[PDB]
Amino acid sequence: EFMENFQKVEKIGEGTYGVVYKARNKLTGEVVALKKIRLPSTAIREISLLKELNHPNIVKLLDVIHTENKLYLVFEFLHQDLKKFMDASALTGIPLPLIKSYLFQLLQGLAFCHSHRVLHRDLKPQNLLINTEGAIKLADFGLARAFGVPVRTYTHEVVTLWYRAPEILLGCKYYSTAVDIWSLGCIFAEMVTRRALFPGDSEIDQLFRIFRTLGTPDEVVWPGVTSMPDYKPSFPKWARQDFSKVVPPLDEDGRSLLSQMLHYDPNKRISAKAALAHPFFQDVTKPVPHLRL
Ligand SMILES: Nc1cccc(N)n1
């Protein structure tokens with residue numbers, strides 16, 4: 001009966017956890033995204049706390065509804081995601097000033113959430129939403145800690161591994177905020193080159209793609225790595241490649257920042273806060289993207 005509180009409800013897409021609708025709230029007239037979560041009291045108390053985690057680069061969580069043993073999340077609506085925008089920008093690429101603006105904004109959103117001890121864990125272009133004003137916002141922040149990250153979605157879609165940090169792949173139990181910096185570095189690279197950086201199609205393909213670009217990690221670059229649950233001494237030993245070959249034609253400011261975002265050791269990996277101070281952002285601006293809505 002909860003859908004009678006919306007004037008119209010149309011399917012947008014298929015999310016990690018359930019159907020996503022665009023909907024119009026009957027009393028207020030506001031247009032929202034409405035996410036059904038398919039199936040639990042621990043998740044309700046965790047999700048409800050995210051209503052306070054408000055920032056201009058975080059998609060606003062308006063309400064959490066638990067009814068008829070189903071959970072709905074009501075979010076701020078934005079018209080386009082970064083996946084669609086990079087597909088649409090494929091012929092020319094996203095201009096560097098707009099890549100820079102987007103990365104800057106995303107780091108501000110991470111810095112905010114990380115300062116409140118909230119992780120995303122599953123960043124990907126799909127969950128980065130853009131508007132006509134040159135803003136970009138992180139969607140679904142805090143949901144992975146509540147519900148987990150499944151292998152398959154509710155519609156059997158494969159949840160992407162492409163943005164997953166190596167410590168997760170190697171079986172580390174304790175996530176840190178560094179996992180989100182890793183994901184964002186992979187997204188940065190993809191905006192620049194117009195081709196996913198590590199498009200793995202299994203846990204080992206993901207891991208070995210990372211290794212064949214950044215080198216097989218060892219105890220010199222990552223103290224403790226050889227004691228990780230899923231580390232195997234039989235991993236092939238690939239050498240490290242130069243970022244100049246990996247993300248041309250990025251500059252030495254961008255290549256330096258990307259390298260810090262893709263450090264193997266999560267304790268070495270740059271923080272969102274420190275990344276905001278990087279010389280790459282000295283000339284940052286906020287351009288207008290051309291959006292066809
Ligand atoms: N359009 C849309 C898609 C996902 C999340 C949100 N907030 N809005």
# chains A, B, ... in the order shown; residues from 1 in each chain; ligands from 1
>>> select_by_dssp(residues="segment 58-180 of chain A", states="strand (DSSP E or B)", output="MDAnalysis selection string")
chainID A and resid 58 61:67 70:76 80:81 128:130 136:138 152 158
>>> residues_near_ligand(ligand="ligand 1", cutoff="9 Å", atoms="only C-alpha atoms and all ligand atoms", output="list in words")
residues 12, 13, 15, 20, 21, 22, 32, 33, 34, 35, 59, 60, 61, 74, 75, 76, 77, 78, 79, 80, 81, 126, 127, 128, 129, 137, 138, 139 and 140 of chain A
>>> atom_distance(atom1="atom CA of residue 192 of chain A", atom2="atom CA of residue 100 of chain A")
9.8 Å
>>> closest_residue(among="A:217, A:223, A:148, A:287", to="residue 136 of chain A", atoms="only C-alpha atoms")
A:287
>>> atom_distance(atom1="atom CA of residue 241 of chain A", atom2="atom CA of residue 169 of chain A")
20.7 Å
>>> residues_around(residues="residue 266 of chain A", least_positions_apart="5", cutoff="12 Å", atoms="only C-alpha atoms", output="number ranges by chain")
A: 165-168, 172, 174-182, 221-225, 260-261, 271
>>> write_last_selection(atoms="C-alpha atoms", output="short mmCIF file (atom, residue, chain, number, x, y, z; two decimals), in the first residue's frame")
data_model
loop_
_atom_site.label_atom_id
_atom_site.label_comp_id
_atom_site.auth_asym_id
_atom_site.auth_seq_id
_atom_site.Cartn_x
_atom_site.Cartn_y
_atom_site.Cartn_z
CA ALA A 165 40.98 -3.72 -4.05
CA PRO A 166 43.67 -6.43 -3.94
CA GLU A 167 43.40 -6.89 -0.16
CA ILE A 168 39.74 -7.95 -0.66
CA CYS A 172 41.61 -9.76 4.12
CA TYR A 174 39.05 -6.14 7.77
CA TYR A 175 38.17 -3.62 5.05
CA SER A 176 39.62 -0.15 5.45
CA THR A 177 38.72 3.10 3.76
CA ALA A 178 41.67 2.40 1.41
CA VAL A 179 39.42 0.02 -0.57
CA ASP A 180 37.44 3.05 -1.83
CA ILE A 181 40.60 4.93 -2.88
CA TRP A 182 41.62 1.88 -4.92
CA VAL A 221 56.16 -3.46 -1.49
CA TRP A 222 53.52 -5.03 0.80
CA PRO A 223 54.72 -6.30 4.13
CA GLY A 224 52.45 -9.13 5.20
CA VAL A 225 51.05 -9.94 1.73
CA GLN A 260 49.46 6.71 -4.79
CA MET A 261 45.81 5.61 -5.15
CA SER A 271 43.82 9.00 1.89
#
>>> residues_around(residues="residue 292 of chain A", least_positions_apart="6", cutoff="12 Å", atoms="only C-alpha atoms", output="ChimeraX atom specification")
/A:79-80,84-85,88-89,130-132
>>> closest_residue(among="A:141, A:31, A:18, A:36", to="residue 53 of chain A", atoms="only C-alpha atoms")
A:141
>>> residues_around(residues="residue 197 of chain A", least_positions_apart="5", cutoff="12 Å", atoms="only C-alpha atoms", output="list in words")
residues 161, 162, 163, 164, 182, 183, 184, 185, 186, 187, 188, 189, 190, 191, 192, 206, 209, 210, 211, 212, 213, 214, 243, 245, 246, 247, 258 and 262 of chain A
>>> atom_distance(atom1="atom CA of residue 207 of chain A", atom2="atom CA of residue 123 of chain A")
17.3 Å
>>> residues_around(residues="residue 151 of chain A", least_positions_apart="5", cutoff="10 Å", atoms="only C-alpha atoms", output="MDAnalysis selection string")
chainID A and resid 16 156:161
>>> write_last_selection(atoms="N, CA, C and O atoms", output="compact mmCIF listing (two decimals), in the first residue's frame")
# COMPACT_ATOMS: atom_id res chain seq x y z
N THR A 16 21.98 -3.72 -7.47
CA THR A 16 22.65 -4.86 -6.79
C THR A 16 21.58 -5.65 -6.01
O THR A 16 21.55 -6.90 -6.13
N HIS A 156 20.48 -12.23 -11.18
CA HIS A 156 21.55 -13.16 -11.58
C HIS A 156 22.69 -12.44 -12.31
O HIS A 156 23.62 -13.14 -12.68
N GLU A 157 22.61 -11.12 -12.50
CA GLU A 157 23.73 -10.35 -13.09
C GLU A 157 25.01 -10.58 -12.27
O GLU A 157 24.95 -10.80 -11.04
N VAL A 158 26.15 -10.55 -12.94
CA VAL A 158 27.43 -10.72 -12.24
C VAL A 158 27.80 -9.37 -11.65
O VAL A 158 27.88 -8.37 -12.37
N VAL A 159 28.03 -9.33 -10.37
CA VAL A 159 28.52 -8.08 -9.73
C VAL A 159 29.98 -7.88 -10.18
O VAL A 159 30.84 -8.81 -10.09
N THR A 160 30.32 -6.73 -10.66
CA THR A 160 31.64 -6.49 -11.27
C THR A 160 32.74 -6.59 -10.21
O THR A 160 32.64 -6.09 -9.13
N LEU A 161 33.86 -7.19 -10.64
CA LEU A 161 35.10 -7.27 -9.78
C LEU A 161 36.07 -6.17 -10.18
O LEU A 161 37.16 -6.08 -9.52
>>> residues_around(residues="residue 286 of chain A", least_positions_apart="2", cutoff="8 Å", atoms="only C-alpha atoms", output="list in words")
residues 97, 98, 101, 134, 284 and 288 of chain A
>>> write_last_selection(atoms="C-alpha atoms", output="PDB file, in the first residue's frame")
ATOM      1  CA  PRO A  97      39.236  19.462 -16.771  1.00  0.00           C
ATOM      2  CA  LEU A  98      35.959  17.584 -16.249  1.00  0.00           C
ATOM      3  CA  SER A 101      36.539  18.131 -11.398  1.00  0.00           C
ATOM      4  CA  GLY A 134      28.735  19.664 -13.208  1.00  0.00           C
ATOM      5  CA  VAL A 284      40.868  22.347 -10.651  1.00  0.00           C
ATOM      6  CA  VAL A 288      29.486  22.060 -17.290  1.00  0.00           C
TER       7      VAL A 288
END
>>> closest_residue(among="A:239, A:39, A:103, A:94", to="residue 290 of chain A", atoms="only C-alpha atoms")
A:94
>>> closest_residue(among="A:111, A:50, A:19, A:62", to="residue 155 of chain A", atoms="only C-alpha atoms")
A:19
>>> select_by_dssp(residues="segment 75-230 of chain A", states="helix (DSSP H, G or I)", output="PyMOL selection string")
chain A and resi 82-88+96-115+125-127+143-147+166-169+178-193+203-214+225-227
>>> closest_residue(among="A:283, A:242, A:265, A:122", to="residue 170 of chain A", atoms="only C-alpha atoms")
A:265
>>> decode(residues="segment 111-134 of chain A", atoms="N, CA and C atoms", output="PDB file, in the first residue's frame")
ATOM      1  N   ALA A 111      36.198  11.703   1.411  1.00  0.00           N
ATOM      2  CA  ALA A 111      36.810  12.268   2.620  1.00  0.00           C
ATOM      3  C   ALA A 111      35.745  12.450   3.703  1.00  0.00           C
ATOM      4  N   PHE A 112      34.557  12.929   3.310  1.00  0.00           N
ATOM      5  CA  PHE A 112      33.464  13.145   4.266  1.00  0.00           C
ATOM      6  C   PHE A 112      33.080  11.810   4.889  1.00  0.00           C
ATOM      7  N   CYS A 113      32.748  10.839   4.061  1.00  0.00           N
ATOM      8  CA  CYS A 113      32.234   9.563   4.595  1.00  0.00           C
ATOM      9  C   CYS A 113      33.293   8.880   5.484  1.00  0.00           C
ATOM     10  N   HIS A 114      34.527   8.845   4.988  1.00  0.00           N
ATOM     11  CA  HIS A 114      35.652   8.237   5.717  1.00  0.00           C
ATOM     12  C   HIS A 114      35.882   8.915   7.057  1.00  0.00           C
ATOM     13  N   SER A 115      35.667  10.225   7.160  1.00  0.00           N
ATOM     14  CA  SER A 115      35.822  10.996   8.406  1.00  0.00           C
ATOM     15  C   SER A 115      34.754  10.560   9.426  1.00  0.00           C
ATOM     16  N   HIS A 116      33.635  10.000   8.947  1.00  0.00           N
ATOM     17  CA  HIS A 116      32.516   9.500   9.779  1.00  0.00           C
ATOM     18  C   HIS A 116      32.582   7.974   9.908  1.00  0.00           C
ATOM     19  N   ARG A 117      33.694   7.371   9.487  1.00  0.00           N
ATOM     20  CA  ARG A 117      33.949   5.914   9.573  1.00  0.00           C
ATOM     21  C   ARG A 117      32.874   5.146   8.788  1.00  0.00           C
ATOM     22  N   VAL A 118      32.540   5.645   7.618  1.00  0.00           N
ATOM     23  CA  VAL A 118      31.610   4.937   6.725  1.00  0.00           C
ATOM     24  C   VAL A 118      32.389   4.672   5.432  1.00  0.00           C
ATOM     25  N   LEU A 119      32.290   3.417   4.986  1.00  0.00           N
ATOM     26  CA  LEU A 119      32.935   2.902   3.752  1.00  0.00           C
ATOM     27  C   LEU A 119      31.874   2.746   2.656  1.00  0.00           C
ATOM     28  N   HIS A 120      32.277   2.739   1.399  1.00  0.00           N
ATOM     29  CA  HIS A 120      31.372   2.307   0.325  1.00  0.00           C
ATOM     30  C   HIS A 120      31.569   0.831   0.070  1.00  0.00           C
ATOM     31  N   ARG A 121      32.796   0.413  -0.264  1.00  0.00           N
ATOM     32  CA  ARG A 121      33.223  -0.994  -0.539  1.00  0.00           C
ATOM     33  C   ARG A 121      32.904  -1.398  -1.983  1.00  0.00           C
ATOM     34  N   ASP A 122      31.986  -0.741  -2.696  1.00  0.00           N
ATOM     35  CA  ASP A 122      31.591  -1.235  -4.031  1.00  0.00           C
ATOM     36  C   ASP A 122      31.432  -0.054  -4.984  1.00  0.00           C
ATOM     37  N   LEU A 123      32.394   0.841  -5.047  1.00  0.00           N
ATOM     38  CA  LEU A 123      32.387   1.914  -6.030  1.00  0.00           C
ATOM     39  C   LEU A 123      32.510   1.386  -7.430  1.00  0.00           C
ATOM     40  N   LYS A 124      31.807   2.010  -8.364  1.00  0.00           N
ATOM     41  CA  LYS A 124      31.841   1.587  -9.760  1.00  0.00           C
ATOM     42  C   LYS A 124      31.176   2.695 -10.552  1.00  0.00           C
ATOM     43  N   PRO A 125      31.429   2.853 -11.844  1.00  0.00           N
ATOM     44  CA  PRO A 125      30.842   3.969 -12.605  1.00  0.00           C
ATOM     45  C   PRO A 125      29.313   4.034 -12.493  1.00  0.00           C
ATOM     46  N   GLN A 126      28.659   2.858 -12.434  1.00  0.00           N
ATOM     47  CA  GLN A 126      27.182   2.713 -12.295  1.00  0.00           C
ATOM     48  C   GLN A 126      26.688   3.568 -11.111  1.00  0.00           C
ATOM     49  N   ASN A 127      27.428   3.617  -9.996  1.00  0.00           N
ATOM     50  CA  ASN A 127      26.987   4.258  -8.739  1.00  0.00           C
ATOM     51  C   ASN A 127      27.574   5.633  -8.532  1.00  0.00           C
ATOM     52  N   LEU A 128      28.060   6.210  -9.609  1.00  0.00           N
ATOM     53  CA  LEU A 128      28.473   7.613  -9.586  1.00  0.00           C
ATOM     54  C   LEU A 128      27.521   8.403 -10.498  1.00  0.00           C
ATOM     55  N   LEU A 129      26.768   9.277  -9.893  1.00  0.00           N
ATOM     56  CA  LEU A 129      25.625   9.939 -10.598  1.00  0.00           C
ATOM     57  C   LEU A 129      25.995  11.385 -10.858  1.00  0.00           C
ATOM     58  N   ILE A 130      25.569  11.885 -12.028  1.00  0.00           N
ATOM     59  CA  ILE A 130      25.908  13.254 -12.448  1.00  0.00           C
ATOM     60  C   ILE A 130      24.633  14.058 -12.733  1.00  0.00           C
ATOM     61  N   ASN A 131      24.790  15.374 -12.610  1.00  0.00           N
ATOM     62  CA  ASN A 131      23.687  16.291 -12.969  1.00  0.00           C
ATOM     63  C   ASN A 131      24.195  17.311 -13.987  1.00  0.00           C
ATOM     64  N   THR A 132      23.293  18.172 -14.430  1.00  0.00           N
ATOM     65  CA  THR A 132      23.551  19.187 -15.482  1.00  0.00           C
ATOM     66  C   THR A 132      24.465  20.300 -14.973  1.00  0.00           C
ATOM     67  N   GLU A 133      24.647  20.440 -13.664  1.00  0.00           N
ATOM     68  CA  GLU A 133      25.379  21.548 -13.009  1.00  0.00           C
ATOM     69  C   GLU A 133      26.886  21.254 -12.850  1.00  0.00           C
ATOM     70  N   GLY A 134      27.328  20.107 -13.337  1.00  0.00           N
ATOM     71  CA  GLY A 134      28.735  19.664 -13.208  1.00  0.00           C
ATOM     72  C   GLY A 134      29.008  18.946 -11.925  1.00  0.00           C
TER      73      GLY A 134
END
